[PDB]
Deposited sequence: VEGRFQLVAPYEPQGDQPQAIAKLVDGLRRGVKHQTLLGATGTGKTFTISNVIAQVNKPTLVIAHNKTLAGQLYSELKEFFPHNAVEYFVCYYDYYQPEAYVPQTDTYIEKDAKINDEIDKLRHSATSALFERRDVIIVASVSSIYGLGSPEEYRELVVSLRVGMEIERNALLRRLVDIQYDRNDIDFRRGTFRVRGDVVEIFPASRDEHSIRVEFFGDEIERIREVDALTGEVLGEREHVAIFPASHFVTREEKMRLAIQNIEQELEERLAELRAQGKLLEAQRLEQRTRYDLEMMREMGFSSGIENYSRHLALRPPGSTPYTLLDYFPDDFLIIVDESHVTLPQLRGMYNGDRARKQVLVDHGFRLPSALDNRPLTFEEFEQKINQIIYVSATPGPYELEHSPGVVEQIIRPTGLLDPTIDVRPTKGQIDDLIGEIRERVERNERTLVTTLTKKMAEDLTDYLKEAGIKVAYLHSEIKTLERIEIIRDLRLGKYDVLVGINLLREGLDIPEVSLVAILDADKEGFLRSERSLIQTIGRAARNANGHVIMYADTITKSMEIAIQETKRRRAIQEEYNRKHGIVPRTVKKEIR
């Protein structure tokens, strides 16, 4: 039940003090919804880190993608080195890798019950279904030295919380027994296992151990062993659960036969039986999450348990890039219901599998205690519910928001080519946005023809190779990058002095108030930052973006002359 200790070589600067203080004040006044309107490049992760430290609550931060999530996580481990900073997302291949991520998920949920100083960076996997956090906590095996317990009953418990007996391939989520030593590999650890040495019905010693080399690392007075699955139930309840699944199965197979669908019924039966055979062995299976209703014995159509429930009631939520993350959350349920419904109709799953689902937005709302939305361009939900906004526009470095010229489309490419050439001579980079992948590739060709070092960047390119291209631009291998909608949230490249927005009047999600400001922001990390919008008209979106950027530059200039 510890305390956050913020570790930074610097202290709040710019308008971070007023931002940190207004947020902390609102949290202490019990304000449910708050918005931090923080321009790109102002120290937002540091700002938030200060708020978290001053209210000292377990906090959940939700990001809309994992590149950002991973960045936030690495940064928050830096700022809070002696605190529990965790990561709760699911599988991806840009940071085995699959087991590393399952390990962190268990490390996240266990940390919530062990200590108070916890920060969990998460994707929308945070609103997907888990098993009861009550069952998970009460099934924890709490081991103390000189404790009256039978080696007998310890092993009974471990199996029921999903550790596999395995004397040979001793990996995480397993345990092995040699004579009087039961050795355990917690699901939250990748390197350290637990040695538990018995003498009759008494534990004589407990040792933290490097599982690979056997190097004893030290002693332990006590140790808590959490379950190796988030969908754990008591063996007591499995007997009735398997009955209720069997009953659900026959009813469903009758539905299928009464509509023909013999191929679907055979498919369903084969699969359910296999899962049932496994449930009478241990308790788990391949797709165990789909039997959550029956396993937890809960009323049908119940609200699922999520990561939010594993948090204490007085927790804080930070929504990063809220203008994008909130719409992501909102549409998850209907999409899920639809994909699951096709599986039930084709005999891949029982209808009870619909209860294994993500929260609705309404359900999510009710699980919120206190929340802070963080966006340079917050959406209508955030503004509607928050009492005004906490504006953070003075960057700590004093870097200004860029200037924005509007130029005609006629002769635009040749204008841009000329403009790029100037930047090459000043050892500066350029970013261009177009409307499609095709146009991006076509333009990249045309620039290569004109003696410009150029490469494209869009969703067809895999994440690993994107890192390379972003590095190459920085190193000066490329001078220009042409994209569509990846020159956005979280692309921090200070070598870029020019952003060129082609088809700036082609209104829609690619050219809205929100996306324009976000794109403009890529030129705010440079002291000569400049933006050019090629267009024959100034759309309502362009108007607002130019207007807001002009206000920020003027205000920032006003600050810089005052403070040297």
Next item on the list: Could you name the stretches of the deposited sequence that have no C-alpha atoms in this structure?
Entry: 1, 97-113, 583-593
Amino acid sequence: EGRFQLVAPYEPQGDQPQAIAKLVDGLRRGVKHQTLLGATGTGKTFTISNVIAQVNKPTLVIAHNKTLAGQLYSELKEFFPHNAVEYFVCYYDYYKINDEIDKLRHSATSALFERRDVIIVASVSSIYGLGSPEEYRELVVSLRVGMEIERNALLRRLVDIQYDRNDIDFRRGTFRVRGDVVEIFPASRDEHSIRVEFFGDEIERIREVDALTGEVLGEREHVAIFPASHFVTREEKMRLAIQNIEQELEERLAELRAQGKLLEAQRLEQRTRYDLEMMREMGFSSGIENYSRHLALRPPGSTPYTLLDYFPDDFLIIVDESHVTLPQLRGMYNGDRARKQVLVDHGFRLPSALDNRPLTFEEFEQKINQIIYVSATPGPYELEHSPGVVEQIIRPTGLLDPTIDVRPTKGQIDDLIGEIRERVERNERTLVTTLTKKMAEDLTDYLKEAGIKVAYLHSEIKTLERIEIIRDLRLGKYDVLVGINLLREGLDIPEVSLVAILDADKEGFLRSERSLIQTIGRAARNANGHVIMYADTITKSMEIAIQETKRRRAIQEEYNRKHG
From here on, numbers count along this sequence of modelled residues.
Item checked: Selected stretch [higher average CA B-factor]: 111-119 or 254-262 -> 254-262
Next item on the list: Using only the Cα atoms and their B-factors as the entry lists them, report which of 162-170 and 122-130 averages higher.
Entry: 162-170
Check: Looking at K103, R407, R421, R330, which has the biggest Cα B factor in the entry?
Finding: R421
Check: Highest Cα B-factor in the deposition, which of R349, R357, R298, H323?
Finding: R298
Item checked: Chain thirds of CA B-factor: placement of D99 -> highest
Check: Mind checking which third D313 falls in for C-alpha B-factor across the chain?
Finding: middle
Next item on the list: Grab the CA temperature factor for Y87 from the record and place it in the lowest, middle or highest third of its chain.
Entry: lowest
Margin query: Ranking the modelled residues of this chain by C-alpha B-factor as given in the entry, is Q270 in the lowest, middle or highest third?
Written below: highest
Notebook entry, point to check: Is the Cα B-factor recorded for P227 in the lowest, middle or highest third of its chain?
Noted result: lowest
